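So you know, we letter chains A, B, ... as the sequences are listed, proteins then strands, and number each from 1.
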Amino acid sequence: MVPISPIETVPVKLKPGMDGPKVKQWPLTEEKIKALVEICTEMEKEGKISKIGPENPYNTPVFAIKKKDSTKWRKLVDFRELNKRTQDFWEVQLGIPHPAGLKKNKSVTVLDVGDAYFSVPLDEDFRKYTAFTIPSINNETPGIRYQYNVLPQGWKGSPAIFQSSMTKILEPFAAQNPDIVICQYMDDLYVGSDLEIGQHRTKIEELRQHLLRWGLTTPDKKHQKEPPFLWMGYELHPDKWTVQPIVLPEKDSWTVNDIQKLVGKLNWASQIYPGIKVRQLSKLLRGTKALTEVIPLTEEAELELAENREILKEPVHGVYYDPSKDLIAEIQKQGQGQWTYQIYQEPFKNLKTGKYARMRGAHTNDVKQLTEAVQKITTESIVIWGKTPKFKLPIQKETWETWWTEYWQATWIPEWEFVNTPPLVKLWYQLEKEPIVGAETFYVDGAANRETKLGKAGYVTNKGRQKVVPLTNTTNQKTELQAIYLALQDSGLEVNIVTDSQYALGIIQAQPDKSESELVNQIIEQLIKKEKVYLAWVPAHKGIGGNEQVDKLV
Amino acid sequence: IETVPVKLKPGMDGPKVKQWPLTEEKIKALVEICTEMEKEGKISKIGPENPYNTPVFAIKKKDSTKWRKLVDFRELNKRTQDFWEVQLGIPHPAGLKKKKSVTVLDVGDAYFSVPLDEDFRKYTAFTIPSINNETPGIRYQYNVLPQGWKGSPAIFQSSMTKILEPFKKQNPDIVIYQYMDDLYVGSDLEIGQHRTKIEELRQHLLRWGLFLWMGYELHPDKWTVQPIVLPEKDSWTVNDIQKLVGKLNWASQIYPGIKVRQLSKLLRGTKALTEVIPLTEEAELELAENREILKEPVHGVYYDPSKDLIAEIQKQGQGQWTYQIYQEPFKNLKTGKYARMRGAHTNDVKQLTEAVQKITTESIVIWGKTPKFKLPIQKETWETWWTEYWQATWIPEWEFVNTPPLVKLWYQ
Ligand SMILES: Cc1cc(/C=C/C#N)cc(C)c1Nc1ccnc(Nc2ccc(C#N)cc2)n1
């Protein structure tokens with residue numbers, strides 16, 4: 001006998017207070033029992049399980065399921081209850097590697113490790129909680145009682161403990177072989193390197209020798225699997241990757257589900273298929289808990305979907321990462337709060353692509369969205385490559401400087417360069433810092449009757465110009481904006497406007513270039529037409545000049 | 001050698017905070033540091049049965065090129081049982097703020113000589129992530145008091161007090177205060193021997209067991225305080241007067257005797273904003289009466305240890321920043337103004353991050369705790385960049401202000 005190192009077990013406990021499961025074993029059929037008896041006898045012989053006394057009071061229901069009328073039966077131990085009662089684990093299985101982060105490996109060997117899973121002992125003091133019973137033929141004898149000695153498939157802590165046990169064993173091998181990579185995916189170990197297929201096979205032979213130390217044998221494997229690999233929805237090729245084929249459904253009748261299911265695909269594809277849009281197609285689905293609703297596609301969605309299929313026409317691949325070359329990220333404004341980007345090291349060879357959608361809000365600005373997209377790409381790039389990419393942005397250096405030095409909030413974009421590809425992001429208007437000499441001064445105001453919803457908006461100026469417009473179905477807030485709007489409509493190219501509205505100032509000082517409120521949009525449209533605008537605020541009801549609340553109090 | 005038992009607050013579990021993305025350089029630094037800390041028994045690898053987690057990252061302190069590991073124990077701290085030691089809670093040294101000068105020493109290393117309560121260790125778990133998560137993250141837990149944990153100074157307090165008696169007795173006028181991994185040493189002795197008293201204190205510390213080489217000097221005796229002031233002009237335009245009335249109306253929420261009637265009267269009529277208006281007698285007297293009022297201190301302003309400190313910061317442009325610390329609205333306990341050429345002339349966020357640290361430091365010296373910040377920045381921008389410019393061993397709390405404060409100019 002060749003001594004083999006044992007796999008350290010992981011101390012498992014049940015959640016605080018809770019106790020093991022105690023679930024009723026259901027009546028089975030004579031043939032299923034005989035089926036289970038056979039299976040379990042064989043599992044016992046292998047060490048996976050062990051018959052237990054009548055002491056253990058815990059129980060988990062077992063079942064028999066036929067593998068689609070084949071010459072076989074399968075045992076199904078339902079650990080759902082036990083799982084609800086098992087402590088939480090460190091699911092070190094989160095946030096998978098993104099294909100664009102991988103490096104090239106001309107040689108990728110696959111080794112099978114199905115039999116290693118059971119080579120993993122179950123914490124001794126925890127086994128009893130895994131007890132199950134094979135009912136007896138006709139219920140005339142006590143059912144056969146068993147308990148696990150190994151991680152049970154379907155048990156909450158199996159995925160985590162297996163990965164951690166496998167990693168711990170591979171650890172010393174990976175550390176001393178820095179020129180190879182190993183990845184656990186299902187019952188397999190994928191070992192890649194970029195060594196000459198000769199020095200690569202040696203290294204595989206060494207891994208097998210190393211694994212033997214723990215008694216783990218891998219059927220001699222040049223697996224039934226060779227490039228391209230289907231993994232996590234992607235297709236990994238020797239020197240390139242892509243998402244698994246995206247097939248846009250053809251229909252005349254699209255329902256809530258069909259549409260959102262169309263979203264997911266477009267979203268998944270957007271990581272490599274450039275310029276994908278999902279604003280309109282996603283637009284239609286806010287209010288759907290019901291999924292069979294045959295909803296119509298606005299002419300916008302049809303155009304977006306047509307632009308989609310087109311991009312999906314040709315298959316697109318992304319390259320792998322080369323740590324020796326720079327990382328570059330390019331962004332484009334797509335309209336309607338939509339942005340698209342590509343990250344690459346060499347022109348025309350993207351590592352991956354992506355998109356960004358403006359956050360929901362009533363007022364917004366292109367520069368703020370460009371900035372948010374930059375932050376998002378920065379974080380994703382830190383995740384994938386451990387570094388910030390150099391940005392190429394459609395905004396002039398001068399526009400950015402004017403923006404951040406005057407913005408009331410602190411803001412920042414990392415190293416970047418202007419890329420002149422329309423439509424360029426710009427500032428649409430810039431308020432004055434000082435009152436304008438020679439420009440007419442408009443004192444505006446508005447008010448509304450909370451009950452009747454009747455109101456008025458208007459202005460009086462230093463030249464005697466005046467206006468008061470009566471309004472219906474309005475509020476104070478809207479009348480204050482309307483007043484500002486009237487002043488802008490009725491003034492020349494340069495104008496000073498005095499308001500007591502903290503609300504309107506709150507909006508205008510946020511510098512929006514677009515809004516959901518058509519009233520804010522009309523004001524923005526007027527701002528863009530002016531050459532100079534000074535907006536001044538004064539406290540309401542302080543006997544301050546021209547602040548004619550009276551004209552509007554009526 | 002003996003460990004003081006520790007537990008969380010009744011009904012709360014340990015932290016389960018996500019590790020945020022780290023750059024390759026920070027990851028490499030952490031692997032090197034943690035490898036060495038592991039050889040030294042300070043931390044130990046942990047298995048999947050430990051579900052807890054606290055974020056970790058790396059920084060470079062005041063003028064050194066050596067990476068320091070910083071664990072973000074903010075969550076664990078608010079879940080760690082209020083540690084009332086044999087100290088009864090050391091009544092914050094109200095005299096530290098009055099001292100001519102103060103040097104801040106990093107004595108966190110000392111903590112690593114005291115073992116941690118075995119049953120509590122699991123709660124200090126942290127992960128060193130891998131780029132693109134290609135390999136599973138390295139999981140560890142502490143075996144000794146971790147730097148940055150609330151219970152570390154508390155538990156090591158008894159050890160610290162006796163390690164300084166020779167000094168405290170040798171130097172009775174020097175005020176020494178401890179906050180987290182920092183020791184604040186204040187005295188009126190000029191740098192010459194204030195430096196040497198520290199250098200003496202360093203040796204004294206280096207001998208009594210325990211990068212200590214660093215020092216950070218502050219001058220709380222000459223700190224930035226802020227009274228409200230009004231313009232002094234020979235000719236006031238309508239706009240100047242509208243701005244004055246706005247500012248006085250604002251101050252009237254802080255000071256009760258403020259009047260604007262006589263000044264707003266001057267604003268009776270729809271006049272051109274740039275037209276010069278001569279001040280009436282009544283208006284000029286009201287302005288004088290307001291100036292006098294603004295020179296007295298704010299009324300009924302007191303600090304309360306049971307309440308949080310709140311710090312508001314405004315970007316004034318051109319590298320200048322203003323801030324106010326209070327507990328009750330309009331009852332400022334401290335206000336200030338900043339502007340320096342410290343590695344951030346084109347970086348808004350680096351400046352704000354530096355301002356946040358100076359304000360916190362100031363707050364520690366004065367009250368013995370950190371304030372809750374209201375930052376003039378979008379959450380996503382701040383959370384993406386602040387760790388690149390952080391140089392302190394503690395980390396305060398913060399929230400974001402998304403609506404422009406109308407009161408910006410009135411503070412500058
Ligand atoms: C994530 C991953 C999945 C599989 C495979 C899982 C499955 N199924 C195989 C390996 C070896 C890895 N790990 C790494 C690590 C670094 N670079 C790479 N590059 C790389 C990977 C696959 C191909 C191919 N073909 C080419 C290059 N892979």
Side-chain angles (χ1 to χ4, degrees), chain A residues 270 274-280 282-283 300 304 307 329-342 353-380 389 391-431 506-530 533 535, chain B residues 315 348-349 376-382 384-385 400 402-404:
Chain A
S270 67
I276 291 301
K277 297 174 190 170
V278 304
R279 203 258 162 172
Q280 305 308 318
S282 302
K283 181 158 174 288
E300 296 78 72
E304 182 177 278
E307 296 179 299
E330 215 176 312
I331 306 171
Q332 296 90 44
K333 173 188 177 182
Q334 293 187 300
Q336 304 75 73
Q338 295 171 94
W339 306 72
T340 191
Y341 67 87
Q342 306 81 49
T353 65
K355 60 187 174 54
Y356 179 70
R358 76 185 160 204
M359 282 177 74
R360 289 189 176 65
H363 319 295
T364 192
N365 145 316
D366 279 4
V367 185
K368 286 175 191 178
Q369 288 169 36
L370 177 53
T371 300
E372 296 155 357
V374 161
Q375 305 319 330
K376 176 190 168 306
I377 294 156
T378 292
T379 300
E380 158 175 286
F391 291 87
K392 292 184 87 170
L393 311 170
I395 183 171
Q396 301 270 189
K397 281 290 161 170
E398 197 177 338
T399 296
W400 178 247
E401 169 149 81
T402 292
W403 167 256
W404 79 260
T405 60
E406 301 299 320
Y407 193 41
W408 74 277
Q409 288 192 321
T411 184
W412 166 256
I413 277 177
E415 194 173 319
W416 69 281
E417 293 189 306
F418 164 66
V419 64
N420 187 358
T421 67
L424 303 186
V425 171
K426 47 172 289 188
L427 293 177
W428 290 88
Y429 59 83
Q430 222 196 316
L431 306 188
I507 291 173
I508 299 180
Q509 279 188 155
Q511 285 180 269
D513 61 24
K514 180 84 76 178
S515 185
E516 268 166 20
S517 158
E518 197 49 28
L519 187 38
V520 176
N521 279 318
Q522 284 166 306
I523 285 181
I524 298 171
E525 210 65 55
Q526 285 293 138
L527 289 174
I528 294 174
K529 301 179 195 291
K530 303 295 184 179
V533 171
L535 183 54
Chain B
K315 170 179 169 182
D348 252 356
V349 189
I377 188 175
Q378 212 182 300
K379 180 180 181 187
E380 300 63 41
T381 302
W382 173 261
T384 298
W385 302 105
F400 309 99
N402 311 292
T403 292

Legend entry - Donor-acceptor contact present, side-chain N365(A) to main-chain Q511(A), <3.5 Å: yes
Inset, instruction - Compute whether any side-chain donor of one residue and acceptor of the other, for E380(B) and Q378(B), lie under 3.5 angstrom apart. - result: yes
Inset, instruction - Check for a donor-acceptor pair, side chain of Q509(A) on one end and backbone N or O of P404(B) on the other, with a separation under 3.5 Å. - result: no
Legend entry - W412(A) CH2 to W382(B) CH2 distance, which is reported to the nearest 0.5 Å: 14.5 Å
Inset, instruction - Check whether any side-chain heavy atom of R358(A) sits under 4.5 Å from a side-chain heavy atom of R279(A), and report yes or no. - result: yes
Inset, instruction - Taking all heavy atoms of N402(B) and all of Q409(A), pick out the closest pair and write down the distance. - result: CA-NE2, 4.2 Å
Inset, instruction - Give a yes or no on whether the backbone of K355(A) and the side-chain of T340(A) come within a donor-acceptor separation of less than 3.5 Å. - result: no
Inset, instruction - Could you tell me the separation between the CD atom of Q375(A) and the CG atom of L370(A), rounded to the nearest 0.5 Å? - result: 9.5 Å
Legend entry - Any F418(A) side-chain heavy atom under 4.5 Å of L424(A) side chain: yes
Inset, instruction - Keeping the roles fixed (side chain from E372(A), backbone from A357(A)), state whether a donor-acceptor pair exists under 3.5 Å. - result: no
Legend entry - More than 12 heavy atoms from other groups under 6.0 Å of NZ on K514(A): no
Inset, instruction - Check whether any side-chain heavy atom of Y341(A) sits under 4.5 Å from a side-chain heavy atom of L393(A), and report yes or no. - result: no
Legend entry - Of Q336(A), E307(A), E304(A), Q338(A), the residue whose pairing with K277(A) passes side-chain hydrogen bond (donor to acceptor under 3.5 Å, both in side chains): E307(A)
Legend entry - Spacing of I508(A) atom CD1 and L535(A) atom CG [to the nearest 0.5 Å]: 5.0 Å
Legend entry - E518(A), CD: over 12 other non-hydrogen atoms inside 6.0 angstrom: yes
Inset, instruction - Take atom NZ of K397(A) as the centre, draw a 6.0 Å sphere, and report whether it contains more than 12 heavy atoms from other residues, nucleotides or ligands. - result: yes
Legend entry - Those residues that, when tested against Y407(A), pass ring pair (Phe, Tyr, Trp, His ring centres under 6.0 Å) (two or more places apart): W403(A)
Inset, instruction - Kindly indicate whether the side chain of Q430(A), heavy atoms from C-beta on, has any atom under 4.5 Å from the side chain of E406(A). - result: yes
Inset, instruction - Go through the side-chain N and O atoms of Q369(A) and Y356(A) and say whether any donor and acceptor fall under 3.5 Å apart. - result: no
Inset, instruction - Taking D513(A) for its side chain and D366(A) for its backbone only, find out whether a donor-acceptor pair lies under 3.5 Å. - result: yes
Legend entry - Main-chain N/O of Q342(A) paired with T353(A) side-chain donor or acceptor, under 3.5 Å: no
Legend entry - Polar side-chain atom of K315(B) near backbone of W408(A) as donor-acceptor pair, under 3.5 Å: no
Inset, instruction - State whether the number of non-hydrogen atoms from other residues, nucleotides or ligands found under 6.0 Å of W416(A) atom CH2 is greater than 12. - result: yes
Legend entry - pair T399(A)-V425(A): side-chain heavy atoms closer than 4.5 Å: no
Legend entry - Heavy-atom side-chain contact between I331(A) and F391(A) under 4.5 Å: yes
Legend entry - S515(A) versus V520(A), closest heavy-atom pair with distance: OG-CB, 3.5 Å
Inset, instruction - Check whether any side-chain heavy atom of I413(A) lies under 4.5 Å from a side-chain heavy atom of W404(A), and answer yes or no. - result: no
Legend entry - Any side-chain heavy-atom pair of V278(A) and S270(A) under 4.5 Å: no
Legend entry - Heavy-atom closest pair, residues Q334(A) and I276(A): OE1-O, 3.9 Å
